[PDB]
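Below is one structure; the comments refer to it alone.
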Amino acid sequence: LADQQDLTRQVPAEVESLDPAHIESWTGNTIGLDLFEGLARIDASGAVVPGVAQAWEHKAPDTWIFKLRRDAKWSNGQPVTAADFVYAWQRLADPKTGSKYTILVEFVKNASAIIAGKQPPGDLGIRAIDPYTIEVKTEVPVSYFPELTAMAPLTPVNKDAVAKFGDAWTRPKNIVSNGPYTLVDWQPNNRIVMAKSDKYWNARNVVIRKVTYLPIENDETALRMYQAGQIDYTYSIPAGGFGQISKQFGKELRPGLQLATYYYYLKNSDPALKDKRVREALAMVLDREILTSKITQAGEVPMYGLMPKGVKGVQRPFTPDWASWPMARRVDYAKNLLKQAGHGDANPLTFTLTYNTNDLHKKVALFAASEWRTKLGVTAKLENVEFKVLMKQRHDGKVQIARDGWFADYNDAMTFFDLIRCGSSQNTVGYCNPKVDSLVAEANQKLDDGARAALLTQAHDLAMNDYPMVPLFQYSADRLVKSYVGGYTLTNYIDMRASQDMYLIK
Ligand SMILES: [Cl-]
């Protein structure tokens, strides 16, 4: 081990919140999971390992038991118990809380009714049998339920701290948390600093003593800082840079694909975008082969639906008929769709295309705009905003076409269905197809995984034929991590890599 154990990690934007109930993003989960620990954790390899729960058991199809360790503590020295989880999950489910991430608790018994305000939060199917024993009842059987409990929004929250401090409870001077690190400094758009916690039950095995998170929007600037030794661990690499970066940094460039999809949000209540024919036309004209081979260049794979190849629970991704058509044929068909929809040359379309400030996103957006102009005569005006603002605008439908992207929360197709299920808190495009939903509910009754998969595949295909959004490609996991950073693996496919699992060598 190295004498010094400070780690500096770059994140793509200012974090939206450090309150587990309001955490929505990759950045929020990465930072929040250093500060809070749930029933389980995802380790450096991507494996689900014990968190506050030392063990768990699938006692019945709809029932899980979690046995908590007895020495889990909050940062103020108070014990962590079953009651803390009951409170946290009820709070998450309560619509008065206003969480945008109710999807994770939705599998729990009665959660839907509670979210809808039909039943009180106390009815939620999580119970403290005793201070160290948790019982969770689910609406339907979920074989992988423990994976979900490793995400930030299901971490416990300290009732007293929230009660005493209200909206200021996550401020460094007020916050109480139970993870391997405690928050020392939070300067928005500047830095977040955290220090190893001596109260964490597994402190003796936590090597990294200080973690610094720097929000840097521009990948090139991030690269410069990495090169200067200001950063040990980047978010990604600049678009089009793989070649020169590989030559200069070699194996520090950690390669792979992620279980994550890059796509354009479409406002489904838009007067034009509400027409499936318009959405489809916009989708079929974009050349994802050129996009990936010439613009992104980091191994990204063209995608036409939400399911990345390799995700458990479906048989295969969605690949539309036209994916293998000559472009000229693609364009003719798409122009005819616009005509059919009443948006021919007599009624030209203009949209605003909003993305979060970043060089890759800008490049992708410029490409889409030119593609749509030259092939369809559709005008997309580019607009860049801060990521936090973009997220809010998508929720509120204040953007028409928007840069979006989803990282799997767990390795099953269900995580991607959170984007298109009627009424889901993360269905921001506003799509609703009851047949798709009923097919999913049916799939989740199947006793056989094969049968389940078939139905989920059918439901996914059915949804994508409606083109509720525009999938572009599968995210590349490529990033730079210094040679002296140990513990990094290439098998963490959802890219949930906690600081406590790494260590500095040399
Ligand atoms: Cl394509």
Side-chain angles (χ1 to χ4, degrees), residues 11-13 15-16 23-29 100-101 103 217 235-236 239 258-270 273-274 278-280 282-283 286 288 291-292 295-296 300-308 311 317-318 351-369 371-372 380-409 415-421 424-432 460 463-464 466-476 494-495:
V11 290
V15 71
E16 66 279 3
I23 289 177
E24 296 182 65
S25 74
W26 178 88
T27 293
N29 280 266
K100 289 300 194 177
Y101 225 85
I103 56 174
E217 302 71 14
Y235 169 66
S236 178
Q258 272 159 348
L259 287 175
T261 304
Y262 189 115
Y263 72 90
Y264 278 168
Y265 159 117
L266 299 178
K267 181 186 173 187
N268 281 41
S269 68
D270 178 273
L273 299 173
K274 70 174 186 173
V278 176
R279 304 196 296 266
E280 185 178 358
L282 294 174
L286 305 169
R288 300 159 180 70
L291 177 51
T292 53
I295 310 301
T296 67
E300 291 88 357
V301 176
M303 284 185 67
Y304 304 93
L306 298 175
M307 306 293 168
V311 72
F318 169 80
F351 301 108
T352 292
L353 171 53
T354 308
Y355 66 92
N356 58 296
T357 309
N358 174 81
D359 25 29
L360 166 73
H361 296 323
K362 177 174 190 183
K363 281 179 178 185
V364 180
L366 282 164
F367 180 70
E371 208 82 321
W372 286 331
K381 301 182 174 173
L382 267 55
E383 158 180 291
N384 67 293
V385 299
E386 175 177 14
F387 185 63
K388 274 160 52 181
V389 165
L390 181 58
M391 267 191 317
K392 294 181 181 182
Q393 284 178 341
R394 294 182 318 211
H395 278 297
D396 294 347
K398 294 179 181 189
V399 286
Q400 292 181 297
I401 306 181
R403 205 294 295 178
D404 210 324
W406 184 258
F407 265 80
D409 288 334
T415 182
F416 290 100
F417 279 110
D418 281 334
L419 300 176
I420 49 167
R421 282 189 306 97
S424 161
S425 78
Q426 286 290 319
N427 183 336
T428 61
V429 304
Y431 178 75
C432 177
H460 179 236
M464 293 302 95
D466 285 346
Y467 302 91
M469 54 266 283
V470 183
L472 294 178
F473 54 81
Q474 182 174 358
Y475 274 90
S476 162
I494 72 172
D495 191 22

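Because only heavy atoms are used, hydrogens play no part in the values below, and waters and symmetry mates are left out as well, while side chains stay in. Just so you know, residue 1 is the first one in the sequence shown, and it goes up from there.
Between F318 and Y467, the ring planes lie perpendicular to each other; the angle is over 60°, past the 30° to 60° tilted range. Ring pair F407/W26 is tilted by interplanar angle, where 30° to 60° counts as tilted.
Side chain to side chain, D409 and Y101 meet the donor-acceptor criterion of an N or O pair below 3.5 Å. Using modelled atom types and a 3.5 Å distance limit, the side chains of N427 and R421 yield no donor-acceptor pair. A donor atom on one side chain and an acceptor atom on the other are found under 3.5 Å apart for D466 and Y431. Side-chain contact of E24 with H395: a donor-acceptor pair under 3.5 Å is present, judged by distance alone. A donor atom on one side chain and an acceptor atom on the other are found under 3.5 Å apart for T354 and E383. Side chain to side chain, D495 and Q258 meet the donor-acceptor criterion of an N or O pair below 3.5 Å. Between the side chains of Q400 and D270, a donor-acceptor pair is found at a separation under 3.5 Å.
The shortest side-chain heavy-atom distance between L291 and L286 does not fall under the 4.5 Å cut-off. At a threshold of 4.5 Å between non-hydrogen side-chain atoms, the residues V470 and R288 count as touching. A 4.5 Å side-chain heavy-atom check between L306 and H460 finds at least one atom pair inside the cut-off. Put simply, the side chain of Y264 does not reach to within 4.5 Å of the side chain of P471, judged on heavy atoms. Within the 4.5 Å cutoff, the side chain of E16 has heavy atoms near those of the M391 side chain. In this structure the side chain of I401 never reaches within 4.5 angstrom of the side chain of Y265, judged on heavy atoms. Between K362 and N384, the closest side-chain pair of non-hydrogen atoms is not below 4.5 Å. A 4.5 Å side-chain heavy-atom check between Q393 and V385 finds at least one atom pair inside the cut-off.
Here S424 contributes atom OG and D418 contributes atom CG; the two are 4.5 Å apart, rounded to the nearest 0.5 Å. In this structure, the separation between OH on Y475 and OG on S236 is 9.5 Å, given to the nearest 0.5 Å. In this structure, CG on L273 lies 6.5 Å from CG on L282, to the nearest 0.5 angstrom.
What you find for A463 and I420 is that their closest heavy atoms are CB-CD1, 3.6 Å. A239 approaches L360 most closely through the heavy-atom pair CB-CD1, 3.5 Å. Taking each heavy atom of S476 and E300 in turn, the nearest pair found is CB-OE2, 3.6 Å. Contact record, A13 with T27: O-CG2, 3.9 Å, taken as the closest heavy-atom pair. Considering every non-hydrogen atom in both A402 and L390, the closest pair reads CB-CD1, 4.2 Å. When all heavy atoms are compared, the tightest approach of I494 to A408 is CB-O, 3.5 Å.
Applying ring pair (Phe, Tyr, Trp, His ring centres under 6.0 Å) to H361 and the options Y355, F367, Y262 leaves one that passes, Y262. The side-chain contact (heavy atoms from CB on, under 4.5 Å) with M469 is formed by just one residue from the set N268, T261, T428, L419; it is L419.
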**Message:** Applying side chain to side chain contact (heavy atoms under 4.5 Å, CB included) to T292 and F473, what does each step give before you reach the verdict?
**Reply:** CA-CA 8 Å; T292 53; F473 54 81; 3.8 Å; yes

**Prompt:** Between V399 and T352, does a side chain to side chain contact (heavy atoms under 4.5 Å, CB included) hold up when you go through it step by step?
**Reply:** CA-CA 7 Å; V399 286; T352 292; over 6 Å; no

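When atom types are taken as modelled, the side chain of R394 and the backbone of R403 share a donor-acceptor pair closer than 3.5 angstrom. Proximity of a side-chain donor or acceptor of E386 to a complementary backbone N or O of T357 within less than 3.5 Å is not detected. Of the possible polar contacts, one joining the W406 side chain to the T415 backbone as a donor-acceptor pair under 3.5 Å is found.
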